[PDB]
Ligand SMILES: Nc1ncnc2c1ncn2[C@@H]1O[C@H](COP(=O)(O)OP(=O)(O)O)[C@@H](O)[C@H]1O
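Quick heads-up: it's one chain on its own, the form deposited without this ligand, in structure tokens.
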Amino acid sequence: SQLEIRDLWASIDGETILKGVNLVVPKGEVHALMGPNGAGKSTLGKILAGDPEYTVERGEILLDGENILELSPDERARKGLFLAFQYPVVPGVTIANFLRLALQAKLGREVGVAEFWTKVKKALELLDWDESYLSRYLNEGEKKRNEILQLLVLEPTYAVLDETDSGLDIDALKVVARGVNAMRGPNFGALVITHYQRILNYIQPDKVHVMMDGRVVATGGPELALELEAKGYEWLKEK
């Protein structure tokens, strides 16, 4: 019934970056994780993904009751954690073909044209996007659109979306919001990681967690993100 990070301690290149992270996202809710850059929010996202460069010293990550820290990235996706499929530079690959490859990898079986197009059509309807988009080639903002189509088609139970790399690029933030809002429901939970409050005007969070010095130092409703945007992180560090 929830995605939970419990007493998580982690380090990289021999240095402790996460210092006892406790963060729970109930299935059915969309939460935000904010914080100064380098204070741990993005490192948490990489550890959730299963980035092997990190060493977990203590803690657990439970997805609906099961500890996934020992699972490979592929195994976590099999348990319902969103893992976008990555592709290189390569010419002549339509978004449609790529999505079919991504869905077949996630499902562990072939997916026929009927199942594929029925699912794609539903996703396009929810996103209010034209089917012609699927004819675009990979590598022809844009990377975000492709990931959002995967979000709707792969139907993960939980998704951790780090949008720090979008900054204040409104188009990119809105594409992700369209996808997250389209997935909202009793069977989906999400954690949106961001430095700026901007995206939260498009994706209203049920709860906001703020991370400083490797741990969550404050939580609240959307108003907390608003006050942080108005006053700055230094204000919160003090009180």
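Just count from 1 along the sequence shown to find any residue number.
According to the entry, the deposited sequence has 1 to 3 residues without coordinates between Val89 and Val90. Counting the unmodelled positions of the deposited sequence between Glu140 and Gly141 gives a gap of 4 to 9 residues. Of the two segments, 192 to 200 and 210 to 218, the one listed with the higher mean B-factor is 210 to 218 (C-alpha atoms only). Mean CA B-factor, 168 to 176 versus 62 to 70: the higher value falls on 62 to 70.
Residue-level inspection of the entry shows that, of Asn187, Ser42, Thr55, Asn181, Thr55 has the top Cα B-factor. Ranked by C-alpha B-factor against the other modelled residues of its chain, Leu224 falls in the middle third. Among all modelled residues in this chain, the alpha-carbon of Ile17 has a temperature factor (C-alpha) in the highest third. In this PDB entry, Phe98 carries a Cα temperature factor that places it within the middle third of its chain's modelled residues. Among the modelled residues of its chain, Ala49 has a C-alpha B-factor that falls in the highest third, as given in the PDB entry. Sort the modelled residues of the chain by CA B factor and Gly108 lands in the highest third.
Separately, the form deposited with this ligand bound exists; it is not shown, and the next lines address it.
Listed residues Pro52, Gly38, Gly65, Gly185 were compared with this ligand in the deposited bound form; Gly38 is the one with a heavy atom within 4.5 Å. For the options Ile12, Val217, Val24, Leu226, the one in contact with this ligand in the deposited bound form, meaning a heavy atom within 4.5 Å, is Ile12. Residue contact with this ligand in the deposited bound form: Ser42 places a heavy atom within 4.5 Å of it.
Contact annotation: this ligand lies within 4.5 Å of heavy atoms from the stretch 42 to 50 in the deposited bound form, the single such stretch among 24 to 32, 196 to 204, 42 to 50, 168 to 176.
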